[PDB]
Amino acid sequence: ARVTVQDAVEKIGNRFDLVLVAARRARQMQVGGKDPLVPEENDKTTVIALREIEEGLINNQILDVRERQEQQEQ
Amino acid sequence: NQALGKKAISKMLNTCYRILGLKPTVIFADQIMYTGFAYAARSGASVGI
């Protein structure tokens with residue numbers, strides 16, 4: 001549980017863009033076709049996306065290059 | 001090392017925020033609230049005539 005998102009804020013500093021990035025990651029992991037890269041503690045995909053961003057494994061550029069890789073795969 | 005009269009408390013919280021960050025000041029605020037409540041109840045200050 002991420003009670004404070006200060007570290008996630010400072011990783012990619014806008015307090016406005018991280019909402020977009022986390023929303024995109026949560027949509028990917030909730031609609032289907034994705035699996036978390038961090039251990040799941042039976043919490044909702046929102047804090048899982050936020051924890052993913054906090055660890056540094058997901059941002060806008062990484063998501064875009066992954067999307068390009070899957071588009072090239074298909 | 002003061003009396004902490006509603007103005008030293010604010011200054012201490014402000015220094016904690018401006019020195020450490022956001023999570024430590026949140027935990028500090030919660031701890032301050034809890035210890036204040038407990039010791040105010042323990043003192044039992046009352047207003048008589």
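Size check on chain B: the Cα extents along the three principal axes, sorted descending, read 45, 18, 16 Å. The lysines within cross-link reach of B:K23, meaning a Cα-to-Cα straight distance under 23 Å and a gap of 8 or more places when in the same chain, are A:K11, A:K44, B:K6, B:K7, B:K11. Mind running the shape call on chain A? Use the C-alpha gyration tensor, a ≥ b ≥ c as the square roots of the eigenvalues: rounded below 1.5 for a/c, prolate if a/b tops b/c, oblate otherwise. Here chain A falls in the oblate category. Using θ = phi - 60° in the Karplus curve 6.51 cos²θ - 1.76 cosθ + 1.60, the 3J(HN,Hα) couplings for region B:17-24 round to 5, 7, 9, 9, x, 9, 5, x Hz; x is entered for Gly and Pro.
No value in this document is a laboratory result; all are computed from the given coordinates.
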